[PDB]
Student: 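The structure is given below, and queries will be raised subsequently.
Atoms within a ligand are numbered from 1 in the order they appear, just like the ligands themselves. Per chain, numbering begins at 1; letters A, B, ... match sequence-line order.
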Amino acid sequence: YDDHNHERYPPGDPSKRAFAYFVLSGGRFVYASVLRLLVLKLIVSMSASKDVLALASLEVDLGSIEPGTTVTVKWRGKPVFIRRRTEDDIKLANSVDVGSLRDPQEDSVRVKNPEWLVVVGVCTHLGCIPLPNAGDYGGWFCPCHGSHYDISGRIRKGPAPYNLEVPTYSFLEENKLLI
Amino acid sequence: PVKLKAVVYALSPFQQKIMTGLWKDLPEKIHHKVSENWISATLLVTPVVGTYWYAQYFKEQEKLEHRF
Amino acid sequence: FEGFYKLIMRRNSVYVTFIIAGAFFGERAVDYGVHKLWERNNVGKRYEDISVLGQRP
Amino acid sequence: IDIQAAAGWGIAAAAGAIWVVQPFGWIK
Amino acid sequence: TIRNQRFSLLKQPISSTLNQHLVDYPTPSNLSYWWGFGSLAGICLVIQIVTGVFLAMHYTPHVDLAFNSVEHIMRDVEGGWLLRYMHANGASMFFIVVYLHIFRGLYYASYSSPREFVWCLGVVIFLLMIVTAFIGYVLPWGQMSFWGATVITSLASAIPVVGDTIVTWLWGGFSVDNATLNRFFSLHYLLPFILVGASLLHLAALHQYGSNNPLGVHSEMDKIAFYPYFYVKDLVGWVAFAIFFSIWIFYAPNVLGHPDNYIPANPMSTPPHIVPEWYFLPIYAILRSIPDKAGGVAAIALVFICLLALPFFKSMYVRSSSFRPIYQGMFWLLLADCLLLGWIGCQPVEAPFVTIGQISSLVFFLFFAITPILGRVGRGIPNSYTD
Amino acid sequence: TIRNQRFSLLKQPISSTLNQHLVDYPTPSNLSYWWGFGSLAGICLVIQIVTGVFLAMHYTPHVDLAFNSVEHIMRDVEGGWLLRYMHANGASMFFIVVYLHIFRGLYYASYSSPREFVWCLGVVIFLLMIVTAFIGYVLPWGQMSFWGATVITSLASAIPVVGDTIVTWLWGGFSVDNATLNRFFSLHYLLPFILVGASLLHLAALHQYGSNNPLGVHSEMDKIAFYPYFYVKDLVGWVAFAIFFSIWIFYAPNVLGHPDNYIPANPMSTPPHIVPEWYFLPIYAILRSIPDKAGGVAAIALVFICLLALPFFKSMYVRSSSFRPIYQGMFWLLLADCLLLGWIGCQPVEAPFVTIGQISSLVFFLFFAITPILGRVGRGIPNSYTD
Amino acid sequence: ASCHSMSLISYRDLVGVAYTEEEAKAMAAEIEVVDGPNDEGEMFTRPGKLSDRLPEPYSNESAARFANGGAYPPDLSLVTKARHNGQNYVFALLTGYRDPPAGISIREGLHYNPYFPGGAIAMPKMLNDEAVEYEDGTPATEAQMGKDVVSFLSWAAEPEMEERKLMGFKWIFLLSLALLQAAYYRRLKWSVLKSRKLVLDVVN
Amino acid sequence: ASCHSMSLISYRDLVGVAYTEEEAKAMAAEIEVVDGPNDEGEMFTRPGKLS
Ligand SMILES: CCCCCCCCCCCCCCCCCC(=O)O[C@@H](COC(=O)CCCCCCCCCCCCCCC)COP(=O)(O)OC[C@H](O)CO
Ligand code: HEM
Ligand code: HEM
Ligand code: HEM
Ligand code: HEM
Ligand code: HEM
Ligand SMILES: COC1=C(OC)C(=O)C(C/C=C(\C)CC/C=C(\C)CC/C=C(\C)CC/C=C(/C)CCC=C(C)C)=C(C)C1=O
Ligand code: FES
């Protein structure tokens with residue numbers, strides 16, 4: 001055998017196969033790590049940018065409206081619903097069986113005031129904004145897939161699995177509501 | 001297909017040393033590299049280095065001759 | 001000892017698991033050592049080594 | 001060679017999932 | 001023969017691959033005009049790529065400029081109106097041609113062995129087309145664009161544990177915003193090229209065995225060269241398609257669209273009627289027929305699962321509907337059902353359309369459930385219908 | 001053999017072409033590490049495409065936002081600085097690996113028969129690489145981007161009749177402005193896919209005859225399979241390239257460029273030192289050397305004419321510089337001359353650099369002028385050097 | 001900041017680098033930022049937040065030029081990356097105002113600086129002893145202030161330097177290990193070919 | 001126009017459709033368009049133009 005490039009092991013010597021797996025496993029560690037790093041860098045570059053995450057916290061104030069209408073207000077990219085309900089409205093909203101609801105919750109829990117109903121106005125199904133004064137329950141209707149919300153914002157018909165989310169809020173004296 | 005006649009003996013990769021050959025015959029390896037390639041190395045290095053040094057000398061002379 | 005050393009050489013699934021584990025642990029160990037020596041080489045220059053860190057006025 | 005191989009490759013896949021995604025904190 | 005000298009330049013190594021794949025490729029002599037829609041779809045893809053490359057010279061993927069950049073393409077750049085109407089209605093032409101192509105494949109059972117890989121690559125191509133067209137429709141940044149992007153990126157939330165993180169990763173934030181639009185632009189430039197590659201693979205898989213024919217029989221005894229016969233037939237088809245497309249471009253450029261996308265995107269107000277483009281409406285209907293998030297997404301995935309599993313059903317050895325009366329009738333019922341699903345997708349979600357959509361979705365899945373039963377039973381036809 | 005049963009999966013129709021063109025393709029056993037730069041070029045192309053696609057998700061092609069969007073990538077995108085530096089330095093890496101590839105071809109006369117078409121495709125690929133990298137450098141919209149765009153788009157003004165018309169058509173107006181940037185961005189997404197196709201055609205043309213070898217002889221009697229031998233040989237070069245690239249990315253990210261591109265574009269003022277990237281420096285020196293605009297453009301085009309005409313010159317039958325000492329010396333002189341031209345391009349236009357550049361361009365062209373006469377003279381070597 | 005803007009930097013960028021969250025919050029709250037429109041359609045001002053950028057000293061470029069003799073003080077966000085030898089150049093120009101060489105007259109409104117190209121700068125010398133009061137107590141000498149401000153400018157231009165360096169050390173060590181492995185792999189695969197004995201009949 | 005914008009239409013658009021060039025020029029001159037900033041750095045006003 002030519003020995004300019006490689007010198008043989010003495011005849012009658014056991015194979016170096018098991019030594020060679022160990023040297024090779026060594027560099028395969030690094031190859032796998034490099035693949036993982038590059039792929040994860042590419043994937044995480046699509047995650048939210050530092051400036052996007054910067055604008056993710058703030059609160060605003062509000063005023064007042066007529067007894068029976070709603071006005072949408074603004075946040076991050078998300079509307080917020082306000083609806084001061086009447087006495088017969090509360091009677092309607094306090095006569096629904098909790099068991100029959102797919103998300104059992106009473107109106108009293110959701111509201112911090114007997115008549116002022118404040119709730120994030122984004123459909124829990126796929127993100128559309130539910131149209132007010134529409135539906136089969138006098139609450140809201142989401143046009144996108146037919147999700148019906150009652151006056152308290154509880155889902156009653158459609159694909160949506162949750163009721164409209166109540167955010168943290170409070171009053172100041174009578175007409176200044178902090179969300 | 002070319003008609004070939006030859007005898008080839010080969011040894012298994014797991015019966016030979018893999019890396020020691022890098023550092024064997026090292027003086028021969030250096031001597032061959034230098035002796036076969038010194039003309040090429042000269043033909044590549046001389047014009048670049050000469051042109052660079054001449055440009056530097058030209059710039060120094062031009063800078064000095066514009067002073068007071 | 002011999003059990004794992006016989007599984008790794010005889011089943012490629014075990015060898016691939018061994019490669020994945022080695023990548024994970026080796027990359028963490030180098031990240032750790034590289035940060036230790038970085039901390040040793042930059043004593044006092046850290047954000048939390050600022051003496052007045054916390055009193056802007 | 002069929003059930004043992006399936007178990008081994010499932011173990012390898014689970015380990016690779018734990019290695020690529022590292023949710024150390026989702027053990028809750 | 002010994003190739004010492006040069007014969008036809010077509011047989012030289014410079015041109016031999018093109019010659020054997022496009023000029024001399026053996027083709028069944030009895031192919032009808034329903035076999036020209038593959039070339040039509042390829043032409044639609046090239047038209048979309050050319051018009052989109054030229055339109056990307058003038059479009060600005062920013063929420064503050066995208067709508068205005070479209071309007072500037074329409075009003076300011078010379079022939080801009082033509083370039084835009086051609087891209088926007090060429091998407092519709094692409095989908096019309098591809099739908100006709102798919103239903104040709106369904107009628108003549110072109111998915112059956114040995115052409116299963118052709119059908120699977122076609123299904124992958126259809127998925128790529130859907131994604132490409134949707135993210136393209138987001139780019140004008142009208143009301144339709146914003147709200148459709150909202151719901152489609154929200155689809156990922158159907159996954160219980162990691163669904164929200166996928167939605168927020170797709171958005172690049174907590175809402176559909178400039179990051180969404182910019183990433184959708186890059187994807188829109190990229191996906192057409194992957195579509196071209198997938199179409200080439202589709203064609204190579206088809207030339208492994210050659211095209212199926214209206215009789216569904218072995219065709220090796222009566223094949224003819226693609227050039228010139230099927231070239232001139234496809235040319236008749238190309239000119240007719242050009243007349244059709246020109247009618248859409250010059251006289252009805254906005255009939256296959258909704259006026260809502262001429263209103264700039266308003267993240268505050270969802271429009272009262274919110275629908276995708278017409279070529280997505282059947283999938284919309286199947287989605288809305290399930291009164292459940294995860295159920296709807298799973299039905300959408302099951303549509304493509306059934307399309308992919310179709311070629312691997314143990315079937316009878318007869319392909320063409322021309323010799324399969326029951327399967328032929330079922331195919332026509334499936335076509336009617338698909339048209340009904342498209343029409344239902346355009347309707348508000350209320351009575352009687354919920355029941356009609358549910359029944360139509362059931363019929364659509366019954367097609368794919370019943371075809372294997374038909375194959376198993378019809379395997380016994382030659383033993384029961386004796387001469 | 002009658003292939004009734006399935007043998008090795010690689011020989012099945014699903015992977016036969018990848019087995020024959022990529023796995024089992026015969027390769028001369030004596031190929032050196034200089035033959036590993038084509039694969040490096042391909043990996044550089046892939047790196048550029050992937051990083052650019054993910055960079056385009058955050059870049060805005062508008063004059064009021066391009067610079068700021070590039071800074072927003074550096075600063076706000078998680079992993080953004082690494083995407084940018086990999087892409088910017090990746091471009092320099094592509095040019096290094098491609099220059100080494102080209103000079104490997106020149107030293108071993110790889111352009112000679114029968115592989116002339118390979119060389120011509122390579123030249124077309126080099127042109128595409130130059131256009132792609134130039135228009136890409138304009139996207140940041142810094143000082144260097146704007147003034148470099150102002151010159152190369154004015155090169156058409158060398159044409160007497162339609163030159164000004166061509167300049168104003170390429171600009172999209174009467175100056176370098178937003179229209180120029182938008183059209184550059186569109187061209188810059190599209191050109192790399194044309195580069196991918198051209199590379200595929202390049203590799204196919206080469207595989208018609210197989211690779212030349214360092215001895216320059218017929219190699220059929222000692223060919224081996226590409227996998228795994230030249231796979232592992234190429235992997236060594238890939239890992240070394242990764243180390244080199246990582247050094248540039250992590251420790252010297254901006255030493256390959258100029259600080260002037262970090263200044264936002266100013267059409268009023270002009271940087272006193274307006275240079276291109278280093279990989280265009282030799283071309284730019286050859287253009288500046290001629291004291292006439294039209295003559296300069298003609299010289300630039302003559303460079304590529306000389307490159308394209310090299311394979312077709314009647315020559316001697318010996319290929320390798322290993323057996324052509326005079327051609328070997330010419331090659332080393334040419335390499336020194338190209339390095340000199342690159343250095344001269346970075347020098348301001350002032351003595352003594354003007355004359356040095358003129359002499360250097362003259363020597364560059366003398367290489368191509370003198371190679372054919374050497375071939376004609378050396379055809380008589382076997383008669384003259386007898387036994 | 002009286003005449004230079006740093007428009008690529010925001011108050012949130014300083015957190016975890018030189019100040020705490022509360023310190024940067026109060027610093028931002030000490031400035032006024034134009035916001036709006038309100039519900040009535042009118043612009044207004046409000047205290048700054050962490051996400052707000054550093055305030056600009058001038059409304060526009062022309063207003064900057066008018067207040068500085070027609071010369072525009074460039075944005076300093078990338079100044080150290082935007083000049084050759086940026087850190088050293090800025091330090092030397094900041095600490096390099098001195099009397100001009102004999103035979104050199106500087107027109108009114110300019111000041112001589114040999115490090116500045118042309119030699120005549122429109123920026124006056126403003127790094128002077130005790131120009132700043134340091135909360136940590138270190139003497140605010142001219143060289144101290146110049147060094148500190150160049151350090152701040154270096155960070156502002158290259159805020160990713162430390163993570164990037166920490167990545168380059170780890171990955172070059174790992175890739176060098178991989179290169180050793182790859183060399184062993186190539187040589188092991190090729191040894192059967194390199195050590196082979198070839199027997200032929202030909203001689204010459 | 002006292003309540004609705006037509007932000008996509010320029011005065012040049014009317015030329016050759018409903019007005020001569022001089023007619024649209026005088027029309028635009030009738031309105032006050034903001035412009036600047038000037039050399040001193042202030043926003044000012046100018047007569048409207050066809051563009
Ligand atoms: C989208 C899915 C739809 C779901 C539908 C719900 C379940 C129904 C599934 C059955 C499909 C409904 C349509 C089936 C009837 C098709 C019409 C038909 O076949 O009538 C033929 C009449 O002959 C028949 O086929 C009647 C047979 C009745 C069924 C007998 C079943 C026994 C055979 C079982 C074989 C199973 C496999 C058969 C493969 C074809 C047509 O005769 P002709 O066209 O040759 O000429 C007459 C005409 O006037 C001129 O065109
Ligand atoms: C690489 C090729 C392509 C490029 C560069 C491209 C580019 C663009 C651009 C810039 C727009 C925005 C301008 C506009 O709305 O008119 C757009 C919109 C669109 N593109 Fe594409 N496109 C390409 C291929 C395709 C393909 C293959 C399809 C269909 C599958 C498609 C479908 C659409 C659709 C539906 C729109 C929205 C049209 C509208 O209502 O205005 N594009 N494209
Ligand atoms: C961009 C989209 C597509 C292009 C460019 C394309 C192209 C082609 C072409 C040129 C042919 C051969 C000529 C013809 O039969 O018309 C063909 C055949 C075929 N295609 Fe496609 N196709 C596309 C999409 C699809 C889809 C979505 C499917 C199914 C899901 C599909 C399934 C088939 C089948 C089964 C055949 C074989 C037809 C037969 O032999 O009768 N293709 N395609
Ligand atoms: C995108 C850039 C390019 C890629 C990816 C590329 C790729 C390749 C590959 C993979 C090979 C076969 C393996 C090898 O010897 O390296 C090759 C061979 C070759 N390439 Fe390229 N190439 C490129 C550009 C060029 C250019 C610009 C030229 C010259 C003008 C050129 C001329 C050649 C020649 C002559 C060969 C045959 C070499 C021989 O057999 O010795 N290539 N190329
Ligand atoms: C389809 C593939 C590609 C896409 C989508 C793409 C996209 C981009 C984008 C968005 C930029 C601007 C951001 C930045 O400058 O960092 C850019 C810059 C650049 N690209 Fe590409 N690119 C691609 C391929 C290439 C290729 C193949 C080359 C090399 C020939 C190249 C060379 C450059 C250069 C030199 C710059 C300027 C980098 C700088 O200094 O900032 N790109 N590219
Ligand atoms: C210590 C605080 C300051 C630093 C670190 C600083 C830094 C710089 C730098 C690096 C330049 C650019 C030099 C070049 O072109 O290469 C510059 C230019 C300039 N600076 Fe400042 N500067 C400071 C304070 C000021 C102040 C307070 C003023 C105004 C009173 C000012 C006005 C200018 C002007 C007008 C220029 C343009 C000069 C010219 O083109 O000639 N700077 N400064
Ligand atoms: C038997 O043979 C033949 C057929 O019957 C099976 C055919 O159906 C057709 C007609 C239909 C074809 C070939 C459709 C091809 C469709 C595709 C791949 C869609 C997109 C088309 C592009 C971009 C072509 C891509 C090819 C290349 C090489 C890229 C470079 C080309 C350009 C720059 C335009 C032809 C011509 C044919 O003869
Ligand atoms: S988004 Fe509201 S029901 Fe679908």
Side-chain angles (χ1 to χ4, degrees), chain E residues 18 21-27 31 35-36 38-46 49 195-200 202-203 206-207 210-211 225-227 230-231 234 316 318 321 323-338 362-371 373-381 384, chain F residues 27-28 31 34-45 94 97-99 101-102 104-106 108-111 115 118-129 194-199 201-203 206-207 209-214 230 234 307 311:
Chain E
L18 263 284
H21 286 129
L22 291 74
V23 171
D24 280 346
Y25 186 84
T27 314
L31 288 196
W35 264 259
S39 69
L40 268 191
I43 292 188
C44 283
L45 189 43
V46 168
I49 290 167
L195 253 170
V196 166
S199 297
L200 292 170
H202 190 65
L203 197 36
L206 194 271
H207 295 190
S211 92
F226 188 93
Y227 183 91
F230 293 103
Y231 158 71
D234 288 351
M316 67 204 286
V318 181
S321 291
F323 303 112
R324 296 160 83 207
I326 302 317
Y327 178 86
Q328 175 185 63
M330 212 174 63
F331 160 95
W332 291 115
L333 292 174
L334 169 69
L335 186 51
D337 196 44
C338 286
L362 173 54
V363 169
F364 179 90
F365 286 122
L366 277 188
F367 179 81
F368 300 87
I370 286 148
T371 303
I373 313 169
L374 265 196
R376 271 147 179 294
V377 174
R379 174 177 176 171
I381 276 182
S384 61
Chain F
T27 312
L31 285 200
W34 291 111
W35 264 258
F37 283 97
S39 82
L40 269 181
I43 273 146
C44 287
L45 186 51
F94 194 14
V97 147
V98 161
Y99 280 138
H101 196 70
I102 290 164
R104 186 282 315 262
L106 298 157
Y108 292 106
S110 272
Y111 54 83
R115 325 194 166 66
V118 195
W119 185 265
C120 304
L121 259 43
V123 168
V124 173
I125 286 156
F126 188 52
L127 291 164
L128 294 151
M129 284 182 60
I194 298 157
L195 197 54
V196 159
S199 315
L201 299 175
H202 188 60
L203 191 52
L206 176 72
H207 275 193
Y209 286 108
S211 295
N212 181 34
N213 64 88
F230 290 101
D234 264 352
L307 284 176

Student: For atom 10 (C) of ligand 4, which candidate among F:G36, F:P214, F:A109, F:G38 provides the closest heavy atom?
Tutor: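 It is F:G38 whose heavy atom sits nearest to atom 10 (C) of ligand 4.
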Student: Does the protein come close to atom 44 (O) of ligand 1 - that is, does one of its heavy atoms sit below 4.0 Å from that atom?
Tutor: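 Answer no: nothing from the protein, no heavy atom, is under 4.0 Å.
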Student: To which protein heavy atom is atom 25 (C) of ligand 4 closest, and what is the distance rounded to 0.1 Å?
Tutor: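 That would be F:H101 CD2, 3.5 Å.
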Student: For ligand 4, which is the ligand I care about here, please tell me if F:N212 has any N or O atom under 3.5 Å from one of the ligand's N or O atoms.
Tutor: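 Yes; at least one N/O pair falls below 3.5 Å.
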Student: Among all protein heavy atoms, pick the one closest to atom 29 (C) of ligand 1 and tell me residue, atom and distance.
Tutor: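 Looking only at protein heavy atoms, the one closest to atom 29 (C) of ligand 1 is E:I326 CD1, 4.2 Å.
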Student: Among all the protein's heavy atoms, is there at least one whose distance to atom 34 (C) of ligand 7 comes out below 4.0 Å?
Tutor: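 No, because not a single protein heavy atom sits under 4.0 Å from atom 34 (C) of ligand 7.
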Student: I'd like to check atom 30 (C) of ligand 7 in this structure: does the protein have a heavy atom lying under 4.0 Å from it?
Tutor: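 Under 4.0 Å from atom 30 (C) of ligand 7, zero protein heavy atoms found.
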Student: Give me the nearest non-hydrogen protein atom to atom 38 (O) of ligand 7 as residue plus atom name, then the distance to 0.1 Å.
Tutor: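 Here the closest protein heavy atom is E:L22 O, 2.8 Å.
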Student: If you measure from each non-hydrogen atom of E:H202 to ligand 7, which part falls under 4.0 Å: side chain, backbone, both or neither?
Tutor: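 E:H202 to ligand 7: no contact under 4.0 Å from either part.
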Student: Look at atom 47 (C) of ligand 1 and say whether a protein heavy atom is found at less than 4.0 angstrom from it.
Tutor: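 No, there is no protein heavy atom closer to it than 4.0 Å.
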Student: Just go through F:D234, F:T27, F:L206 and tell me whose heavy atom is the nearest to atom 12 (C) of ligand 4.
Tutor: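 Selected option, by shortest heavy-atom distance: F:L206.
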Student: For atom 9 (C) of ligand 1, which protein heavy atom lies nearest, and how many Å away is it?
Tutor: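 That would be E:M330 SD, 4.5 Å.
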Student: Would a search of protein heavy atoms around atom 22 (C) of ligand 1 find one under 4.0 Å away?
Tutor: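 False for atom 22 (C) of ligand 1.
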Student: For atom 34 (C) of ligand 4, what is the closest protein heavy atom, and at what distance to 0.1 Å?
Tutor: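 The closest heavy atom on the protein side is F:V118 CG1, 4.1 Å.
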Student: Specify the protein heavy atom at minimum distance from atom 17 (C) of ligand 7: its residue, its atom name, and the distance to 0.1 Å.
Tutor: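 For atom 17 (C) of ligand 7, the nearest protein heavy atom comes out as E:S199 CB, 4.0 Å.
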Student: Could you check atom 15 (C) of ligand 7 against the protein and tell me its nearest heavy-atom contact, residue, atom and distance included?
Tutor: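 Heavy-atom neighbour on the protein nearest atom 15 (C) of ligand 7: E:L203 CD2, 3.7 Å.
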Student: For F:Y99, look at atom OH and say whether over 12 heavy atoms of other residues, nucleotides or ligands are found less than 6.0 Å away.
Tutor: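 More than 12 heavy atoms, drawn from other residues, nucleotides or ligands, come within 6.0 Å of this atom.
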Student: Nearest 0.5 angstrom please: E:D234 CG to E:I43 CD1, how far?
Tutor: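 That separation rounds to 8.0 Å.
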Student: With respect to F:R115, determine whether any N or O atom, backbone or side chain, lies less than 3.5 Å from an N or O atom of ligand 4.
Tutor: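 No - when backbone and side-chain N and O of F:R115 are compared with those of ligand 4, no distance drops under 3.5 Å.
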Student: Which residue and atom name correspond to the protein heavy atom nearest atom 12 (C) of ligand 1, and how close is it?
Tutor: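 Checking every protein heavy atom, the shortest distance to atom 12 (C) of ligand 1 gives E:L333 CD1, 3.8 Å.
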Student: For atom 6 (C) of ligand 1, what's the nearest protein heavy atom and its distance?
Tutor: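 The closest one turns out to be E:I370 CD1, 4.6 Å.
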Student: In terms of the angle between their ring planes, are F:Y108 and F:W35 parallel, tilted or perpendicular, with boundaries placed at 30° and 60°?
Tutor: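 Aromatic pair F:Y108/F:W35 classed tilted.
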Student: Can you tell which part of E:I381 has a heavy atom less than 4.0 Å from ligand 1: side chain, backbone, both or neither?
Tutor: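 It is the side chain that gets close, since no backbone atom is under 4.0 Å.
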Student: Considering only heavy atoms of E:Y25, which atoms of ligand 7 have at least one such atom less than 4.0 Å away?
Tutor: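 Answer for ligand 7: 1 (C), 2 (O).
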Student: Ignoring hydrogens and angles, tell me if any N or O in the side chain of E:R324 forms a donor-acceptor pair with the backbone of E:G329 under 3.5 Å.
Tutor: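 Not confirmed, E:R324 side chain does not pair with E:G329 backbone.
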Student: Can you tell me the protein heavy atom closest to atom 36 (C) of ligand 4 and the distance?
Tutor: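 Residue, atom and distance for the closest contact: F:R104 NH2, 3.8 Å.
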Student: Closest by any non-hydrogen atom to atom 36 (C) of ligand 7: pick that one out of E:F226, E:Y231, E:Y227, E:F230.
Tutor: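 Of the listed residues, E:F226 has the closest heavy atom.
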Student: Taking atom 25 (O) of ligand 1 as the point of reference, which of E:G380, E:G375, E:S384, E:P325 owns the nearest heavy atom?
Tutor: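 Closest candidate by heavy-atom distance is E:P325.
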Student: For atom 31 (C) of ligand 1, state whether the nearest protein heavy atom is under 4.0 Å away.
Tutor: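 So atom 31 (C) of ligand 1 lacks protein heavy-atom neighbours under 4.0 Å.
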Student: So which heavy atom in the protein is nearest atom 34 (C) of ligand 1, and how far is it from that ligand atom?
Tutor: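 In this structure, atom 34 (C) of ligand 1 has E:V377 CG1, 4.5 Å as its nearest protein heavy atom.
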Student: Could you list which atoms of ligand 4 come closer than 4.0 Å to a heavy atom of F:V123?
Tutor: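 In order of number, 30 (C).
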Student: Strictly less than 4.0 Å: does any protein heavy-atom distance to atom 13 (C) of ligand 7 fall in that range?
Tutor: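 Looking at atom 13 (C) of ligand 7, one finds that a protein heavy atom does lie closer than 4.0 Å.
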Student: Considering heavy atoms of the protein only, find what lies nearest to atom 1 (C) of ligand 4 and give residue, atom and distance to 0.1 Å.
Tutor: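 Answer for atom 1 (C) of ligand 4: F:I125 CG2, 3.4 Å.
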Student: Considering the heavy atoms of F:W119, write down every atom of ligand 4 situated less than 4.0 Å from one of them.
Tutor: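 Ligand 4 atoms under the 4.0 Å threshold to F:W119: 29 (C), 30 (C), 35 (C).
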Student: Mark up the atoms of ligand 4 that fall under 4.0 Å of a heavy atom belonging to F:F94, in ascending order.
Tutor: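 Those atoms are 1 (C).
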Student: Quick check on F:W34 - does any of its heavy atoms sit under 4.0 Å from an atom of ligand 4?
Tutor: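 It does not, in that no heavy atom of F:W34 comes within the 4.0 Å cut-off of ligand 4.
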Student: Return the closest protein heavy atom for atom 24 (C) of ligand 7 as residue, atom name and distance.
Tutor: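 Ranked first by proximity to atom 24 (C) of ligand 7 is E:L200 CD2, 4.7 Å.
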Student: Sort out for me which residue in F:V124, F:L195, F:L45 forms a side chain to side chain contact (heavy atoms under 4.5 Å, CB included) with F:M129.
Tutor: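 Filter result, single survivor: F:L195.
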Student: Check E:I49 against ligand 7 and report side chain, backbone, both or neither, counting heavy atoms closer than 4.0 Å.
Tutor: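 Within the 4.0 Å criterion, E:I49 makes no contact with ligand 7.
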Student: Please assess E:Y25 against E:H207 for the test side-chain contact (heavy atoms from CB on, under 4.5 Å), listing each intermediate value before the final yes or no.
Tutor: CA-CA 8 Å; E:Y25 186 84; E:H207 295 190; 3.4 Å; yes
Student: Is the shortest distance from atom 40 (C) of ligand 1 to a protein heavy atom below 4.0 Å?
Tutor: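 Yes, there is one.
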Student: Closer than 4.0 Å to some heavy atom of E:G378 - which atoms of ligand 1 meet that?
Tutor: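 With E:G378 as reference, the close atoms of ligand 1 come out as 37 (C).
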Student: Judged on heavy-atom distance to atom 27 (C) of ligand 4, which of F:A41, F:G122, F:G210, F:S199 sits nearest?
Tutor: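 Looking at heavy atoms only, F:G122 sits closest to atom 27 (C) of ligand 4.
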Student: Which residue holds the protein heavy atom closest to atom 2 (O) of ligand 7, what is that atom called, and what is the gap in Å?
Tutor: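 Protein heavy atom at minimum distance: E:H21 O, 3.1 Å.
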Student: Starting from atom 10 (C) of ligand 7, locate the nearest protein heavy atom and write down its residue, its atom name and how far away it is, to 0.1 Å.
Tutor: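 Going by distance alone, atom 10 (C) of ligand 7 is nearest to E:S39 CB, 3.5 Å.
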Student: Does F:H202 have a heavy atom less than 4.0 Å from any atom of ligand 4?
Tutor: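 Contact check F:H202 vs ligand 4: positive.
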Student: When you measure from atom 37 (C) of ligand 1 to the protein, is at least one non-hydrogen atom found at a distance under 4.0 Å?
Tutor: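 Given the 4.0 Å limit, the answer for atom 37 (C) of ligand 1 is yes, a protein heavy atom qualifies.
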Student: Atom 16 (C) of ligand 7: which protein heavy atom is closest, and how many Å away?
Tutor: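 Result: E:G42 CA, 3.9 Å.
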Student: Using a 4.0 Å heavy-atom cut-off, say whether F:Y108 meets ligand 4 through its side chain, its backbone, both or neither.
Tutor: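 For F:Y108, there is no contact with ligand 4 at all, from either part.
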Student: Quick one: does E:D337 get within less than 4.0 Å of ligand 1, heavy atoms only?
Tutor: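 False for this residue.
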Student: How far is atom 33 (C) of ligand 1 from its nearest protein heavy atom, and which residue and atom name does that atom have?
Tutor: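 Protein heavy atom at minimum distance: E:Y385 OH, 3.7 Å.
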Student: Nearest heavy atom to atom 39 (C) of ligand 4: which of F:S211, F:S110, F:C120 does it belong to?
Tutor: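 It is F:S110 whose heavy atom sits nearest to atom 39 (C) of ligand 4.
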Student: In sequence, state the C-alpha distance, the side-chain angles, and the governing distance for E:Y227 and E:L22, and then conclude on side-chain contact (heavy atoms from CB on, under 4.5 Å).
Tutor: CA-CA 7 Å; E:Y227 183 91; E:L22 291 74; over 6 Å; no
Student: Check the pair F:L106 / F:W119 against side-chain contact (heavy atoms from CB on, under 4.5 Å), numbers first and verdict last.
Tutor: CA-CA 10 Å; F:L106 298 157; F:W119 185 265; 3.7 Å; yes
Student: Looking only at protein heavy atoms, identify the closest one to atom 22 (C) of ligand 7 and say how far it is in Å.
Tutor: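 For atom 22 (C) of ligand 7, the nearest protein heavy atom is E:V46 CG2, 4.0 Å.
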Student: Protein heavy atoms near atom 3 (C) of ligand 1, is at least one of them under 4.0 angstrom away?
Tutor: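 Given the 4.0 Å limit, the answer for atom 3 (C) of ligand 1 is yes, a protein heavy atom qualifies.
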Student: Hey, is F:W35 one of the residues with a heavy atom under 4.0 angstrom from ligand 4?
Tutor: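 Yes; F:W35 lies near enough to ligand 4 that a heavy-atom distance drops under 4.0 Å.
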